[PDB]
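Contents: one structure, followed by commentary.
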Amino acid sequence: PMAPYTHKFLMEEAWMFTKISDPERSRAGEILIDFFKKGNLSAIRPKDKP
Amino acid sequence: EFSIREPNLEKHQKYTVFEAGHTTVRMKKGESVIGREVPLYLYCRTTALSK
Amino acid sequence: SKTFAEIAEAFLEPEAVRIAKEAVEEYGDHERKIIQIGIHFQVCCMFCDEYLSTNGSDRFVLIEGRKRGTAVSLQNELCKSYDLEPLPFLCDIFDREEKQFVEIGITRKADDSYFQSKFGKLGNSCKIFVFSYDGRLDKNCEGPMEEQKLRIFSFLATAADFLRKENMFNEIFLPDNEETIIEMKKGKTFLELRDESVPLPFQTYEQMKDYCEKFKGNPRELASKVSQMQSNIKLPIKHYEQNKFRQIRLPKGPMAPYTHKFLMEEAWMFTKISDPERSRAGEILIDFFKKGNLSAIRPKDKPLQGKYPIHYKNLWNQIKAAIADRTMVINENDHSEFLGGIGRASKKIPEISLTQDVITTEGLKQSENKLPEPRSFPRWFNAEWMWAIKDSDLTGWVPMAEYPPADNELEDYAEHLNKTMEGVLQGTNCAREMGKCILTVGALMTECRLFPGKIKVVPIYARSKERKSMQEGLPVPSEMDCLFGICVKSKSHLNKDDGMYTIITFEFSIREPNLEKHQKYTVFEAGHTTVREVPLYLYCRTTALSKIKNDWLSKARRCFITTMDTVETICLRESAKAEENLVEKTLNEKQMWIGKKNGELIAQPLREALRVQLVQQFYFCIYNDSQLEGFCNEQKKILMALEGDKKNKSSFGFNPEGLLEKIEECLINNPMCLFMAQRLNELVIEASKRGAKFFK
Amino acid sequence: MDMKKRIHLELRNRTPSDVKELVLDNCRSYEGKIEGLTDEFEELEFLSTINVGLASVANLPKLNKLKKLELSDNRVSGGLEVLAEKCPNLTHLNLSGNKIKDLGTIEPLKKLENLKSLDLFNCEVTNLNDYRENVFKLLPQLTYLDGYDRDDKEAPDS
Amino acid sequence: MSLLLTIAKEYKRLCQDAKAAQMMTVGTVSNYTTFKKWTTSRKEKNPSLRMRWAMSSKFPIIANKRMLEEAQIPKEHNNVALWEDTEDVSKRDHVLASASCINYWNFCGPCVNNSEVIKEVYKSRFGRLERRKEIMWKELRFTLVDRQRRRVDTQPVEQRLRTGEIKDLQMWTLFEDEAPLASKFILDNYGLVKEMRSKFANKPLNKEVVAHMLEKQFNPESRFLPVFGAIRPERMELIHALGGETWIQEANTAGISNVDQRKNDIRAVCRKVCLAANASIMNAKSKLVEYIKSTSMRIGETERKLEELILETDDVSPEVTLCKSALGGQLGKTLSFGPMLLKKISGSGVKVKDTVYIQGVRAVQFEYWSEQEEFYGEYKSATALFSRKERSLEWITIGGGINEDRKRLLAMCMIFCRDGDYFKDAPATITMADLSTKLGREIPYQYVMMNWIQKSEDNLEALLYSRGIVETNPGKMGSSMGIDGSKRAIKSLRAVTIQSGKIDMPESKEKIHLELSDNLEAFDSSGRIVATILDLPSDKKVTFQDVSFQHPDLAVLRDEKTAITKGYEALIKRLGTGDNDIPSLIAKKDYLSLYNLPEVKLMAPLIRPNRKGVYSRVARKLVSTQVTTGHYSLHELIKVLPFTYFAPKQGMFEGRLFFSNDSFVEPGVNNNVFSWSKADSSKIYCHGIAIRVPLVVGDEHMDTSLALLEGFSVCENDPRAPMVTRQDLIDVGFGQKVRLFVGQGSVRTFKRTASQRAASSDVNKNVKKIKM
RNA sequence: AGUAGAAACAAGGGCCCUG
């Protein structure tokens, strides 16, 4: 069989949400919370069957 | 991880995949911007690391 | 459910439920009427609908839910204030924009009867509105507000659907004014009887009802009668330690002979190799026939013992002929007719065609049932028990399915233990008898189903596999088809369960018989056979079977289940007390008493004692009858008393002699019962050396 | 709902021979197969079938006067050869949202000489290298692509 | 079709007879059920026997004939028979056959296009399988087990329902033409029905089987079984393969089925609202009921009403009990005294008065029960069986596994029985302040001593000392308990017994309708208290997810977002029936009269004033485009209308519509301010809050009569109006009448005019106007 | 002949069918 993907992350098939950078909130714990506030993540509700 | 490209069985073997609603794509339109909705996928995987 | 209130709470508001409940309690009526009232009340509510007048005040004022006296007080108050005439009867609601009371009605019948009665009772005094659960309305004035009508009809429709679903949409729960008295239609004959079935002191149900509804407790007379009855009884109590158990008295007479249809120990068989293509019986019976040994047989007219040898001889010759014809069928001659009980069924004689003269000619008395006769202790049972414990030179006698996969340690353990037990058991002799019975009974059942009214020929055979030596020599041991004898059926017209279809059994042996044991058989001297050369005998007899027996004999793989249960229980119980895997040790080390030899006890590991329990279960499956049933049902008391003796529990009883009598009553001409009873006596004897409660 | 009832509803007593446009979006078609269409529709010049669980266009009947089509949100794959025979006078097409795996599937469309614009968005084909140019070299008759002509000339409204 | 004509001919032929006519004329349709029993009645004693006796035959099976001809099923394929032309005696339209034919069908028979629908039919069992596959087994060990018997659930099930709610659901998902009137459970749970219908539609299926499977999919199989370890349905379904009396197959099964989280969330919500209502002094009852009905929560995908879930669960907690009592929900006969659990086995009694002096001389009344009674008790990992006798703890036995739990259970038991001298003479430490009445609400000395124990361990030790202590007699050494909770000692407490092995929990399939007071204390046809607000944790802060506290007091939002939400609510309330409403106007294509509604006029001040004209233009544009044709989405007009009040202007529309509070909505994509989905088309999410849109009209998405039922109602029957189907029902005019067939053997008359009012208020109010 | 039990079978219905 063919060799599968091995790297940890995704390069070409990836995707990203965007937002403006605030130097007063330039940390992961803050960036994640801010991204979560607008409620675009909460909409992510994967169905049961994959 | 997030993705907007359905997978293939060979390259994506260690990955467990789902379908998480939809999302939006933004592109120029003359002098304005528009938004075209597309599906959305979620790629699940486990792995180890070290120092 | 469980009460009408909970039901009403399903589609009503609990408030109106409580209201109607308090109301029926006020009038003290049957609580089955909670429903109607609540509905009426709720309607009134959904009528008011927070409607308002020009003056910004409430338009409608409820009167229904209130008490009767208070309701009349308010009614008169309003008739006075607004200067209206007092009504004779009470109402449900009153309006202000028109200043005239309003009455609401409801019914299920699609007719004006309710509205006609109400209008006659009240003429045109006030406004009356009667709705129907099926969309009808009858009134004496202009129609109500639209919203009111919609909300009322919708509510009523839902309620009616619910009721119809609950079967309560009847006059009982939804009666009119008149049909409010439901009662059992007590007739005349029923009363005449009821007044005749009364106890003695009373003579009419009324007296009994008055005595029971008012009965009061008088403990003193009760205690006095108790003591009196306690004195005229004198219940005996017998602690076993003082009153010991005598031995059991077996019957006396001749010995109990062989009863099983097939031979086990004295059986001789011819073997061959099995080809997968030819696997049916009608085929193997020919394969064995070609080599010439089955045809080499040629008995003589002089039997060692038995009766009717000529019939048996002719039947054997006919069997050989039929086999040669490649058709397992036999013709109806005098011989077969005699052995198959063809025409020996009684002839019927109606009484309408009978006179006192007909009875005198040939005595027609009532049949004198000849119950079985007693027997003695059999001395050949231990021999069979000891022979059925040893190997048979082969294995795989009893077919078994495959083992599924495994994922956890549990299934691995189960598979390992099951493999050990199956490999140990499949090599014995009892196993080959089980497989023989299985296959032969299957063939006979198939034949009885397909070819009734026709005498057939079925073999007595089995399939096995030679044991596995080391890799040396010829590997992959082969299979084997073995043949012990021949069987024959006779017109198994099983019109009904429990029926009887006589079979015949031609078996092969190399051991001369005994009159006591092989009493029913009829042996012949056939000739010689190899191994060197040795004489040959031919055991022949007659018997019968049924659907029930065939089915239960074919399902003879339960003994494995029981034995596995017992063993796994012991091993797991020993392993848990120490919290460690003690199974192989428990199988190879733990010793179990088996028997006595030279007045001493004998023991061997459980791994080898399993065979004893297996044979016990097999015999239970074989010799099962009512006698053995009663015995095994009545012996538990003795074992429980024994256990009580082992633990110093001062047991006692009321009448052990009766127990011994009941036990010894069901011991007749059934070898298994006699054997187990003698062994139980020996048990209590051997334990008397270590325990009390037993006499010698 | 169902394309049958949807259609019978859109046809407010109107014959299927005098209409110039039709829409069936947000419907359902068993087995992803058309149901209720015939050659009776002659004057029809526009069509819209979106998000109806469709998978093949085999059943589609002949429609000459048709000049615009929309099949987005479905999962059509490898049924493009039929379009030429049924609707050769077609000019505008849309397939964004369907299962298009390779340029081989899109070759038949060259025979639609009347074709002007095509719309492929969110398909796998778009994720290749030199796809717009290779497509243009395949379909020279086609001018617009996903709303952009060579040199990225935004197309007008209509 | 021709089949229809054949059915009609058969009906005619059958009516030609006299008996059939009499029976089809007399009575109602229910008689059918009865007729279903008098026919085809035949059983057998030992089917195993007769099965071996029959399968031994040639043609033991029956089968259809035309199905075989159409399927081209031959006879004597390869010299082996399959069937022969005959007629069974019972069916008269079936033919004998053999088992081999079935294999023939399975191998060279007719094939269907697809069969994955099965996975939905039997979802419960595929779920069992998957749950199994996601397990990580472990070693096996041998030892003895303390298996306690108790009533539990073995089938994991989401949205557990009743039977009356299920019978309608089956009909509305499979047989809609034969459907009855819409019940409340449907109108409330619309998306659920839509989902269950999307799968079993346009498919070749046997429907009875599907209905049975759905019943199983909504039934938690309750059993009285021995159990060990944790209690979760995910385990009980395979308990047989985890451990027995002597063995245990260790395995981790914690991360599956996400059940108990829902229950703990529910109980947390109940506690919160109970405390809230307790903040009141005279209407905590109505306050609590309002908080209940003014609240909802999400389950998986769907949003359910709280009062609906509470009446379906069986969590015996002092919180759920109160709620189920307020709503008149019946429940079991289970008690609660603080954290512990209790259940009465036998005995009786009646209240009695007594007093105690707190400090010096301070008389305080405390009650007890004057009789002998027996009680089972269950604390964390500890069981007990005790008896009370006239203000004393007669005896008690325990089968727990911990010393701390043992001591706490014993102390709470002693309290529950008012045993000891403390109830005769309280300690000095307590005072009148600690007595009761945080703000006026009294407290019986019982819970007083309770909190006094929970405060310090030394109070507990002293309380235990209040129980008689003696020297451990010989032999009873094993059945003894010290002060620390040791299975043996030289000196132990009085009238106590210990043992290894929990106690078998009793059982009773009984229900009771209880009530409560204005102080939140429930009573059960007696002076006994089953629950209160003092037996629950004091308070704690939690962040509830996927919840809707649509109530002023139970809200944290500001006046701005609340004003927006209320404007949207009013604008939706204008979504009803009658002219001057938006549906009639759409039907008439009067897209202009919408701009002049009063509701948009009240929400206009909230619009960004510097760009209100541009947005207005766009909104009006969209509206006309949707209205002129008929292809509209109701979830977008309700969103953009508030902007059409002002006058159009010129400018560049970036793509967003802002209010005056820096909160926008976008036309086509869901955001935090306005969201919805095609799955649940009966909800609108604004600022997290949910709003229930009525079902009066159906757009392109909604594809059945289900979306129109809240626009119809029953009215007086009129034989003049026409009789129509359930599909043409959409082409009627608001305010018109029409006859119709409903369910079975029932015809009625409907009118497309709604009635938003309910019965709750119209009854409660009119009642309160009677207690004066 | 035989079975088994504390009574029943050892074909039954109309030359034809049947468990």
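Naming works like this for the structure tokens: A, B, ... for the chains as they're shown, residue 1 at the start of each chain, ligands 1 onward in shown order.
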Check: What lies within 8 Å of segment 11-28 of chain A using only C-alpha atoms (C1' of nucleotides), ignoring chain neighbours under 2 positions off, as JSON, numbers by chain?
Finding: {"A": [9, 30, 31, 32, 35], "B": [1, 2, 3, 4, 5]}
Do you know which residues are at most 6 Å from segment 14-30 of chain B counting only C-alpha atoms (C1' of nucleotides), after dropping those on the same chain fewer than 3 positions away, and could you put them as a compact mmCIF listing (two decimals) with C-alpha atoms, in the first residue's frame?
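Generated file (out_35.txt):
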```txt
# COMPACT_ATOMS: atom_id res chain seq x y z
CA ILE A 44 -18.83 23.29 14.91
CA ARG A 45 -20.96 20.27 15.86
CA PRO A 46 -19.67 17.11 14.17
CA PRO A 50 -17.71 9.74 10.42
CA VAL B 33 -16.09 41.59 -1.19
CA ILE B 34 -18.57 38.72 -1.21
CA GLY B 35 -18.98 35.45 0.64
CA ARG B 36 -19.64 31.99 -0.79
CA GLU B 37 -20.57 29.24 1.65
CA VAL B 38 -18.81 25.89 1.48
CA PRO B 39 -18.84 22.73 3.62
CA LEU B 40 -16.42 22.15 6.48
CA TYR B 41 -14.53 19.09 7.67
CA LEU B 42 -12.76 18.21 10.91
CA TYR B 43 -9.61 16.08 10.87
CA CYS B 44 -8.91 14.11 14.05
CA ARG B 45 -5.59 12.41 14.73
```
Next item on the list: Grab the atom CA of residue 139 of chain E to atom CA of residue 409 of chain C distance for me, in Å with one decimal place.
Entry: 6.8 Å
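For residue 6 of chain D, the non-local neighbours within 10 Å, defined as residues at least 5 positions apart in the same chain or in other chains and counting only C-alpha atoms (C1' of nucleotides), are residues 1, 11, 23, 24, 25, 26, 27, 28 and 36 of chain D; 700 and 703 of chain E.
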9 Å contacts from chain E to chain A using only C-alpha atoms, as a JSON list (two decimals) with N, CA, C and O atoms, in the first residue's frame:
```json
[["chain", "number", "residue", "atom", "x", "y", "z"],
["E", 301, "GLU", "N", -28.63, 17.76, 19.43],
["E", 301, "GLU", "CA", -28.93, 18.77, 18.42],
["E", 301, "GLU", "C", -30.18, 19.57, 18.76],
["E", 301, "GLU", "O", -30.23, 20.77, 18.48],
["E", 671, "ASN", "N", -24.92, 34.08, 12.36],
["E", 671, "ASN", "CA", -23.94, 34.68, 13.24],
["E", 671, "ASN", "C", -24.47, 34.62, 14.66],
["E", 671, "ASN", "O", -25.56, 34.11, 14.92],
["E", 672, "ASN", "N", -23.68, 35.15, 15.59],
["E", 672, "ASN", "CA", -24.06, 35.13, 17.00],
["E", 672, "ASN", "C", -25.37, 35.88, 17.24],
["E", 672, "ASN", "O", -26.07, 35.59, 18.22]]
```
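Applying a distance limit of 10 Å to only C-alpha atoms, the residues of chain E near chain B read residues 652, 653, 654, 655, 668, 669, 670 and 677 of chain E.
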Take the residues from that selection and write them out as an mmCIF file, in the first residue's frame, keeping N, CA, C and O atoms.
```
data_model
loop_
_atom_site.group_PDB
_atom_site.id
_atom_site.type_symbol
_atom_site.label_atom_id
_atom_site.label_comp_id
_atom_site.auth_asym_id
_atom_site.auth_seq_id
_atom_site.Cartn_x
_atom_site.Cartn_y
_atom_site.Cartn_z
ATOM 1 N N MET E 652 -22.470 52.747 -0.703
ATOM 2 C CA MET E 652 -21.858 51.443 -0.911
ATOM 3 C C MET E 652 -22.193 50.537 0.263
ATOM 4 O O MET E 652 -21.857 50.847 1.412
ATOM 5 N N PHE E 653 -22.854 49.423 -0.027
ATOM 6 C CA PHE E 653 -23.186 48.424 0.980
ATOM 7 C C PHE E 653 -22.027 47.444 1.110
ATOM 8 O O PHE E 653 -21.751 46.670 0.188
ATOM 9 N N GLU E 654 -21.351 47.477 2.258
ATOM 10 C CA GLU E 654 -20.200 46.604 2.465
ATOM 11 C C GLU E 654 -20.620 45.142 2.561
ATOM 12 O O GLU E 654 -19.907 44.256 2.077
ATOM 13 N N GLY E 655 -21.766 44.869 3.177
ATOM 14 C CA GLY E 655 -22.233 43.505 3.321
ATOM 15 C C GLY E 655 -22.852 43.183 4.666
ATOM 16 O O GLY E 655 -23.418 42.101 4.843
ATOM 17 N N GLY E 668 -27.748 35.993 5.037
ATOM 18 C CA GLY E 668 -27.492 34.753 4.333
ATOM 19 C C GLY E 668 -26.661 33.778 5.131
ATOM 20 O O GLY E 668 -26.729 32.564 4.915
ATOM 21 N N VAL E 669 -25.868 34.300 6.057
ATOM 22 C CA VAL E 669 -25.003 33.496 6.905
ATOM 23 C C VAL E 669 -25.416 33.706 8.353
ATOM 24 O O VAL E 669 -25.774 34.818 8.752
ATOM 25 N N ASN E 670 -25.359 32.636 9.136
ATOM 26 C CA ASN E 670 -25.722 32.711 10.538
ATOM 27 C C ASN E 670 -24.573 33.277 11.356
ATOM 28 O O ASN E 670 -23.403 33.005 11.083
ATOM 29 N N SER E 677 -31.151 26.968 11.260
ATOM 30 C CA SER E 677 -30.726 25.843 10.446
ATOM 31 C C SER E 677 -31.936 25.234 9.759
ATOM 32 O O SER E 677 -33.063 25.331 10.250
#
```
Item checked: Contact residues around residue 11 of chain F with only C-alpha atoms (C1' of nucleotides) at 8 Å, ignoring same-chain residues under 2 positions, as a ChimeraX atom specification -> /C:493-495
Would you mind exporting the chosen residues as a compact mmCIF listing (two decimals), in the first residue's frame, restricted to N, CA and C atoms?
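Output file selection17.txt follows:
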```
# COMPACT_ATOMS: atom_id res chain seq x y z
N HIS C 493 -46.91 -44.84 12.61
CA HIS C 493 -48.01 -43.92 12.34
C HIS C 493 -48.26 -43.10 13.60
N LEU C 494 -47.37 -42.14 13.84
CA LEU C 494 -47.41 -41.32 15.05
C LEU C 494 -48.51 -40.28 14.93
N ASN C 495 -49.75 -40.77 14.98
CA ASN C 495 -50.90 -39.88 14.88
C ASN C 495 -50.88 -38.85 15.99
```
Note to self: Would you pick out the contacts of residue 28 of chain E at 12 Å or less, using only C-alpha atoms (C1' of nucleotides), so that residues sharing its chain but fewer than 3 positions from it are not included, and give the list as a ChimeraX atom specification?
What the structure shows: /C:164 /E:22-25,31-34,744-746
